[PDB]
Amino acid sequence: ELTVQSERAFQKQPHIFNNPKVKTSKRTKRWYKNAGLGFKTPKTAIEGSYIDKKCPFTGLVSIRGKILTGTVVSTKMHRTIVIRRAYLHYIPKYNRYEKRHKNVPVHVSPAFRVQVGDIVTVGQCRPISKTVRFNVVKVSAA
Amino acid sequence: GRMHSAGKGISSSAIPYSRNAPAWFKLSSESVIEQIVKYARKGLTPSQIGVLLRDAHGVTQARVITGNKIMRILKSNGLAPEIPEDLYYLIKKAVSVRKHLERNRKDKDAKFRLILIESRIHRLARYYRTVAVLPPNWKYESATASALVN
Amino acid sequence: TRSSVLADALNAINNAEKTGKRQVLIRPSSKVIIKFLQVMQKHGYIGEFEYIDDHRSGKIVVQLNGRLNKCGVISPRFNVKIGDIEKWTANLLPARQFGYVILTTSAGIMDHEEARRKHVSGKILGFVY
Amino acid sequence: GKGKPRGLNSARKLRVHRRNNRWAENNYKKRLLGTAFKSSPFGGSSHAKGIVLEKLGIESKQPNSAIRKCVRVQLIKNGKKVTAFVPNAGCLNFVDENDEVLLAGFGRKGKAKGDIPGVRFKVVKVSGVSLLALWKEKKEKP
Amino acid sequence: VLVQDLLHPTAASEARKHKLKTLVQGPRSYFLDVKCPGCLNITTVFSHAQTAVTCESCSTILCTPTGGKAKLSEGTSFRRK
RNA sequence: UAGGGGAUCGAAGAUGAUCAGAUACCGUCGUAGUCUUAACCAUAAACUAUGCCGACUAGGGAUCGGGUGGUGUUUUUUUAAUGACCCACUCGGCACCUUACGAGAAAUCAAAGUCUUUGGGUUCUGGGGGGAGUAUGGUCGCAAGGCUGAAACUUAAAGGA
């Protein structure tokens with residue numbers, strides 16, 4: 001990767017123009033944005049060459065509704081990952097909780113370089129796959 | 001009550017209360033630093049250092065006399081040893097036992113005791129995982145101990 | 001181990017007092033406990049009690065009256081909501097009057113009748129009578 | 001420190017170690033296999049229709065002698081072949097062979113009553129008109 | 001006994017009771033400033049050796065280690081401290 | 001199961017005794033096994049036939065392990081030193097006596113106590129007697145066998161003190 005065309009199919013962030021007739025300086029564009037909801041829009045976003053539509057910041061996916069975390073469990077997917085949310089639950093009878101967990105499928109951009117272990121905030125997109133819904137938004141390494 | 005048998009032993013030291021000085025001792029703090037760092041290359045182990053320090057010179061513990069705890073000091077000076085010392089006697093015991101199991105496969109007592117011991121180690125090796133003092137992954141490997149020391 | 005502290009000392013205090021020891025010694029000192037007694041005392045159930053330090057987790061003498069009837073530690077430390085204590089008193093207090101159930105909030109390592117005048121509740125460690 | 005886990009997170013291990021226990025207690029045995037539908041005559045019931053065969057004679061169990069009155073039946077269902085028991089008099093007479101009879105329990109569950117052995121039912125009606133009457137003479141039979 | 005100050009008891013009852021219960025714990029072992037006869041030197045030895053230490057350099061011997069307390073040689077003033 | 005060991009006991013097997021019979025009791029020999037290495041099996045009256053955590057009630061006198069104090073008992077060596085010892089105290093045992101305020105069907109029980117004044121925490125189990133821990137399936141084992149576990153039928157008692 002890193003090399004950008006790689007996906008035969010060429011790539012661009014749609015509606016972008018540059019102007020081989022007209023003085024060109026800077027040659028390239030970009031389009032970026034700022035999620036929002038108290039975030040910080042990092043600088044490997046307005047710098048990073050890569051494409052990815054499913055990018056929060058460099059593309060056409062909104063973020064609305066959950067805000068949530070947790071602990072990464074596995075990463076082995078070409079731009080996507082997995083989270084746990086070890087949680088607690090209060091049985092009304094023995095008056096006591098249990099350690100329960102659900103795993104979570106989520107997209108992710110090259111702007112972040114997550115290994116396993118890291119604490120991680122995420123959003124909640126329209127739907128983005130078969131399972132898949134949230135989009136990482138902020139990593140929390142060592 | 002010792003973690004492996006039917007045995008409820010009691011016996012340590014009744015560090016004495018005084019934090020500061022012995023007073024009756026009047027030599028310097030720098031003085032013993034020098035002394036330990038003197039000792040180390042020679043061929044030390046922090047455990048022993050104190051013993052030797054105690055039995056001969058002023059000291060009472062490094063601890064009073066300085067604001068550190070031997071090791072800390074060797075570590076500043078770079079003499080810590082690649083291993084956390086208490087470990088480097090356990091692994092040792094491994095080699096020294098396993099070897100004995102293999103002159104006399106017709107010995108159970110010994111066998112068990114070996115395991116027991118493989119385990120002291122894994123647990124103590126899980127801790128000197130956790131806290132940044134064994135490069136992660138370290139795992140102990142039965143057979144790799146004889147060019148790790150001789 | 002010693003897996004829990006408050007407990008251990010408390011039990012010995014309902015096993016001093018039964019026999020008529022006028023007092024106690026108890027080992028591992030906490031804040032928790034210092035606070036615990038300071039509640040008990042205000043309410044007329046022990047006196048004085050003469051921390052002792054030894055630079056360690058430390059020892060505490062508790063001079064007697066011969067009043068104490070009984071002060072078990074509860075002990076997960078459950079949770080509790082305000083209007084719920086109204087279930088406890090009558091499942092572990094002889095009366096009502098009296099004799100304090102006792103709990104841990106935020107202020108407060110402080111009983112329930114004072115709790116009304118504060119209107120607060122969290123977790124419920126021991127209880128006296 | 002009695003034999004059970006007690007602290008806070010000891011929901012998980014409780015909702016199991018009652019759900020195991022319950023087993024043995026006989027009742028919760030009937031209600032999970034529940035027996036009631038497969039085994040036994042009425043299955044998941046209370047009453048039923050049957051039609052008589054012979055008029056069998058069953059003597060006594062013994063602290064007793066007592067030669068009582070029983071009838072085999074054919075139900076109008078599993079078909080079992082059952083016996084059953086008659087009250088009052090001779091009562092026998094009023095159950096004239098291959099007639100329609102209405103059977104019910106014996107208030108004991110399963111089990112087996114008083115001085116009778118493998119016997120577990122009573123004859124309530126005949127033809128459907130009482131027995132109770134076709135012995136206090138409030139009706140008669142076709 | 002229905003009662004007693006366990007704060008301060010007798011001095012008795014401590015001397016005998018075990019190091020780790022006199023309330024505040026404190027050691028029994030203690031140190032012992034030794035003139036071998038030849039030299040004036042003065043080495044600071046410990047009551048429970050574990051080591052025999054040599055005296056200063058004279059190469060002399062001193063005090064053997066046993067169960068608990070050294071057995072010190074003949075010459076030695078062994079003033080305590 | 002396969003090697004080593006194979007003194008003594010000693011099912012099995014043989015015996016002589018006793019006896020109406022005696023394939024048993026009694027006696028003398030006796031493979032196998034008892035013993036060990038390495039591997040299986042997982043049952044027992046595996047027994048306090050009493051789940052563990054805890055917290056609280058009523059007296060004692062012993063003992064093992066610690067610890068504290070007593071110008072405490074000897075040790076004598078010069079005084080100490082320790083050490084054994086005595087006693088005082090305690091914490092942790094392994095039990096025991098005595099009461100019964102309580103509990104119980106009782107016998108008995110400092111726990112089987114704090115339970116119709118019914119509720120501190122939670123895991124297993126049983127619901128008449130047999131049929132039968134069998135028949136079946138399912139499974140662990142090389143096998144012996146284990147764990148799982150019916151029903152039809154029969155019966156007014158079987159049982160505890």
# chains A, B, ... in the order shown; residues from 1 in each chain; ligands from 1
$ interface_residues --of "chain A" --to "chain F" --cutoff "12 Å" --atoms "only C-alpha atoms (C1' of nucleotides)" --output "list in words"
residues 94, 95 and 96 of chain A
$ write_last_selection --atoms "C-alpha atoms" --output "PDB file, in the first residue's frame"
ATOM      1  CA  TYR A  94     -28.600 -13.209  43.419  1.00  0.00           C
ATOM      2  CA  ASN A  95     -29.024  -9.098  44.416  1.00  0.00           C
ATOM      3  CA  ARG A  96     -24.455  -9.494  41.638  1.00  0.00           C
TER       4      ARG A  96
END
$ residues_around --residues "residue 99 in chain D" --least-positions-apart "4" --cutoff "10 Å" --atoms "only C-alpha atoms (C1' of nucleotides)" --output "count of residues only"
8
$ select_by_dssp --residues "chain D" --states "strand (DSSP E)" --output "PyMOL selection string"
chain D and resi 50-51+70-71+84-85+100-103+123-126
$ closest_atom_pairs --of "chain F" --to "chain C" --cutoff "9 Å" --atoms "only C-alpha atoms (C1' of nucleotides)" --output "CSV"
residue,atom,partner,partner_atom,distance
F:54,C1',C:75,CA,8.3
F:55,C1',C:72,CA,4.5
F:56,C1',C:14,CA,6.2
F:57,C1',C:18,CA,7.2
F:58,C1',C:19,CA,8.2
F:119,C1',C:91,CA,7.0
F:120,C1',C:74,CA,6.8
F:121,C1',C:75,CA,7.2
$ write_last_selection --atoms "C-alpha atoms (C1' of nucleotides)" --output "PDB file, in the first residue's frame"
ATOM      1  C1'   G F  54     -18.724 -15.761  57.461  1.00  0.00           C
ATOM      2  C1'   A F  55     -20.667 -12.901  61.943  1.00  0.00           C
ATOM      3  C1'   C F  56     -22.666 -13.514  67.386  1.00  0.00           C
ATOM      4  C1'   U F  57     -23.929 -16.498  71.837  1.00  0.00           C
ATOM      5  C1'   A F  58     -21.439 -19.804  78.443  1.00  0.00           C
ATOM      6  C1'   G F 119     -34.844 -14.632  55.004  1.00  0.00           C
ATOM      7  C1'   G F 120     -26.384 -13.100  56.313  1.00  0.00           C
ATOM      8  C1'   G F 121     -23.575 -15.289  51.318  1.00  0.00           C
TER       9        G F 121
END
$ closest_residue --among "A:100, A:21, A:71, A:136" --to "residue 116 in chain A" --atoms "only C-alpha atoms"
A:71
$ atom_distance --atom1 "CA of residue 19 in chain E" --atom2 "CA of residue 13 in chain B"
8.9 Å
$ residues_around --residues "range 100-102 of chain D" --least-positions-apart "2" --cutoff "10 Å" --atoms "only C-alpha atoms (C1' of nucleotides)" --output "ChimeraX atom specification"
/D:47-52,73-75,95-98,104,122-130
$ residues_around --residues "residue 140 in chain A" --least-positions-apart "3" --cutoff "12 Å" --atoms "only C-alpha atoms (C1' of nucleotides)" --output "ChimeraX atom specification"
/A:69-72,112-121,137
$ interface_residues --of "chain E" --to "chain F" --cutoff "8 Å" --atoms "only C-alpha atoms (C1' of nucleotides)" --output "list in words"
residues 1, 9, 10, 11, 12, 13, 14, 15, 16, 17, 18, 19, 20, 21, 22 and 23 of chain E
$ closest_atom_pairs --of "chain D" --to "chain F" --cutoff "8 Å" --atoms "only C-alpha atoms (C1' of nucleotides)" --output "JSON lines"
{"residue": "D:1", "atom": "CA", "partner": "F:53", "partner_atom": "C1'", "distance": 1.1}
{"residue": "D:2", "atom": "CA", "partner": "F:52", "partner_atom": "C1'", "distance": 2.9}
{"residue": "D:3", "atom": "CA", "partner": "F:52", "partner_atom": "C1'", "distance": 3.0}
{"residue": "D:4", "atom": "CA", "partner": "F:122", "partner_atom": "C1'", "distance": 3.9}
{"residue": "D:5", "atom": "CA", "partner": "F:122", "partner_atom": "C1'", "distance": 5.5}
{"residue": "D:6", "atom": "CA", "partner": "F:121", "partner_atom": "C1'", "distance": 4.6}
{"residue": "D:7", "atom": "CA", "partner": "F:121", "partner_atom": "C1'", "distance": 8.0}
{"residue": "D:14", "atom": "CA", "partner": "F:122", "partner_atom": "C1'", "distance": 6.8}
{"residue": "D:17", "atom": "CA", "partner": "F:123", "partner_atom": "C1'", "distance": 5.2}
{"residue": "D:18", "atom": "CA", "partner": "F:123", "partner_atom": "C1'", "distance": 7.5}
{"residue": "D:20", "atom": "CA", "partner": "F:124", "partner_atom": "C1'", "distance": 7.8}
{"residue": "D:21", "atom": "CA", "partner": "F:124", "partner_atom": "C1'", "distance": 5.3}
{"residue": "D:24", "atom": "CA", "partner": "F:125", "partner_atom": "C1'", "distance": 6.6}
{"residue": "D:25", "atom": "CA", "partner": "F:126", "partner_atom": "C1'", "distance": 6.7}
{"residue": "D:26", "atom": "CA", "partner": "F:127", "partner_atom": "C1'", "distance": 6.6}
{"residue": "D:61", "atom": "CA", "partner": "F:155", "partner_atom": "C1'", "distance": 6.0}
{"residue": "D:62", "atom": "CA", "partner": "F:156", "partner_atom": "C1'", "distance": 7.0}
{"residue": "D:63", "atom": "CA", "partner": "F:156", "partner_atom": "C1'", "distance": 7.3}
{"residue": "D:114", "atom": "CA", "partner": "F:156", "partner_atom": "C1'", "distance": 6.0}
{"residue": "D:115", "atom": "CA", "partner": "F:156", "partner_atom": "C1'", "distance": 5.5}
{"residue": "D:116", "atom": "CA", "partner": "F:155", "partner_atom": "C1'", "distance": 7.2}
{"residue": "D:117", "atom": "CA", "partner": "F:155", "partner_atom": "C1'", "distance": 4.9}
{"residue": "D:118", "atom": "CA", "partner": "F:154", "partner_atom": "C1'", "distance": 5.0}
$ interface_residues --of "chain A" --to "chain D" --cutoff "9 Å" --atoms "only C-alpha atoms" --output "PyMOL selection string"
chain A and resi 88-91+94+96-99
$ write_last_selection --atoms "N, CA and C atoms" --output "PDB file, in the first residue's frame"
ATOM      1  N   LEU A  88     -20.670  -5.175  32.582  1.00  0.00           N
ATOM      2  CA  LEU A  88     -21.254  -5.744  33.802  1.00  0.00           C
ATOM      3  C   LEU A  88     -22.785  -5.835  33.782  1.00  0.00           C
ATOM      4  N   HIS A  89     -23.281  -6.953  34.311  1.00  0.00           N
ATOM      5  CA  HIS A  89     -24.705  -7.271  34.388  1.00  0.00           C
ATOM      6  C   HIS A  89     -24.878  -8.381  35.429  1.00  0.00           C
ATOM      7  N   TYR A  90     -27.166  -6.650  35.958  1.00  0.00           N
ATOM      8  CA  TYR A  90     -27.338  -6.883  37.379  1.00  0.00           C
ATOM      9  C   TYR A  90     -28.552  -7.781  37.555  1.00  0.00           C
ATOM     10  N   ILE A  91     -28.286  -9.079  37.677  1.00  0.00           N
ATOM     11  CA  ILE A  91     -29.330 -10.066  37.914  1.00  0.00           C
ATOM     12  C   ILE A  91     -30.129  -9.720  39.167  1.00  0.00           C
ATOM     13  N   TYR A  94     -29.238 -12.682  42.221  1.00  0.00           N
ATOM     14  CA  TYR A  94     -28.600 -13.209  43.419  1.00  0.00           C
ATOM     15  C   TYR A  94     -27.799 -12.098  44.095  1.00  0.00           C
ATOM     16  N   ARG A  96     -25.590  -8.744  42.156  1.00  0.00           N
ATOM     17  CA  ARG A  96     -24.455  -9.494  41.638  1.00  0.00           C
ATOM     18  C   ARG A  96     -24.437  -9.446  40.112  1.00  0.00           C
ATOM     19  N   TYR A  97     -23.227  -9.450  39.547  1.00  0.00           N
ATOM     20  CA  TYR A  97     -23.019  -9.259  38.111  1.00  0.00           C
ATOM     21  C   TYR A  97     -22.128 -10.361  37.534  1.00  0.00           C
ATOM     22  N   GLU A  98     -21.958 -10.354  36.213  1.00  0.00           N
ATOM     23  CA  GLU A  98     -21.041 -11.266  35.525  1.00  0.00           C
ATOM     24  C   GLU A  98     -20.216 -10.491  34.508  1.00  0.00           C
ATOM     25  N   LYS A  99     -19.030 -10.996  34.179  1.00  0.00           N
ATOM     26  CA  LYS A  99     -18.244 -10.400  33.101  1.00  0.00           C
ATOM     27  C   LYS A  99     -18.753 -10.939  31.767  1.00  0.00           C
TER      28      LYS A  99
END
$ residues_around --residues "residue 113 in chain F" --least-positions-apart "3" --cutoff "10 Å" --atoms "only C-alpha atoms (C1' of nucleotides)" --output "PDB file with N, CA and C atoms (P, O5', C5', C4', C3', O3' and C1' of nucleotides), in the first residue's frame"
ATOM      1  P     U F  57     -20.723 -12.526  71.463  1.00  0.00           P
ATOM      2  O5'   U F  57     -22.203 -12.936  71.888  1.00  0.00           O
ATOM      3  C5'   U F  57     -22.448 -13.589  73.145  1.00  0.00           C
ATOM      4  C4'   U F  57     -23.631 -14.516  73.027  1.00  0.00           C
ATOM      5  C3'   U F  57     -23.652 -15.674  74.025  1.00  0.00           C
ATOM      6  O3'   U F  57     -24.287 -15.298  75.241  1.00  0.00           O
ATOM      7  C1'   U F  57     -23.929 -16.498  71.837  1.00  0.00           C
ATOM      8  P     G F 102     -34.909 -21.992  77.401  1.00  0.00           P
ATOM      9  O5'   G F 102     -34.097 -21.752  76.043  1.00  0.00           O
ATOM     10  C5'   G F 102     -34.571 -22.327  74.785  1.00  0.00           C
ATOM     11  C4'   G F 102     -33.700 -21.944  73.594  1.00  0.00           C
ATOM     12  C3'   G F 102     -33.804 -22.881  72.391  1.00  0.00           C
ATOM     13  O3'   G F 102     -34.780 -22.452  71.444  1.00  0.00           O
ATOM     14  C1'   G F 102     -31.533 -22.699  73.038  1.00  0.00           C
ATOM     15  P     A F 103     -36.022 -23.402  71.064  1.00  0.00           P
ATOM     16  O5'   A F 103     -35.355 -24.566  70.207  1.00  0.00           O
ATOM     17  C5'   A F 103     -34.875 -24.295  68.880  1.00  0.00           C
ATOM     18  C4'   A F 103     -33.933 -25.380  68.413  1.00  0.00           C
ATOM     19  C3'   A F 103     -34.578 -26.735  68.169  1.00  0.00           C
ATOM     20  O3'   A F 103     -35.083 -26.731  66.837  1.00  0.00           O
ATOM     21  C1'   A F 103     -32.483 -26.973  69.324  1.00  0.00           C
ATOM     22  P     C F 109     -23.014 -35.567  72.123  1.00  0.00           P
ATOM     23  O5'   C F 109     -23.586 -34.305  71.332  1.00  0.00           O
ATOM     24  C5'   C F 109     -23.626 -34.301  69.890  1.00  0.00           C
ATOM     25  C4'   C F 109     -23.906 -32.915  69.346  1.00  0.00           C
ATOM     26  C3'   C F 109     -23.289 -31.744  70.093  1.00  0.00           C
ATOM     27  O3'   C F 109     -21.925 -31.568  69.743  1.00  0.00           O
ATOM     28  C1'   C F 109     -25.543 -31.250  69.600  1.00  0.00           C
ATOM     29  P     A F 110     -20.911 -30.982  70.822  1.00  0.00           P
ATOM     30  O5'   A F 110     -21.436 -29.489  71.019  1.00  0.00           O
ATOM     31  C5'   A F 110     -20.583 -28.477  71.584  1.00  0.00           C
ATOM     32  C4'   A F 110     -20.424 -27.334  70.611  1.00  0.00           C
ATOM     33  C3'   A F 110     -19.114 -26.554  70.747  1.00  0.00           C
ATOM     34  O3'   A F 110     -18.634 -25.884  69.579  1.00  0.00           O
ATOM     35  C1'   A F 110     -20.918 -25.126  71.221  1.00  0.00           C
TER      36        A F 110
END
$ atom_distance --atom1 "CA of residue 15 in chain B" --atom2 "CA of residue 65 in chain B"
13.9 Å
$ residues_around --residues "residue 5 in chain C" --least-positions-apart "4" --cutoff "10 Å" --atoms "only C-alpha atoms (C1' of nucleotides)" --output "VMD selection string"
chain C and resid 1 9 to 10 27 to 30 32 to 33
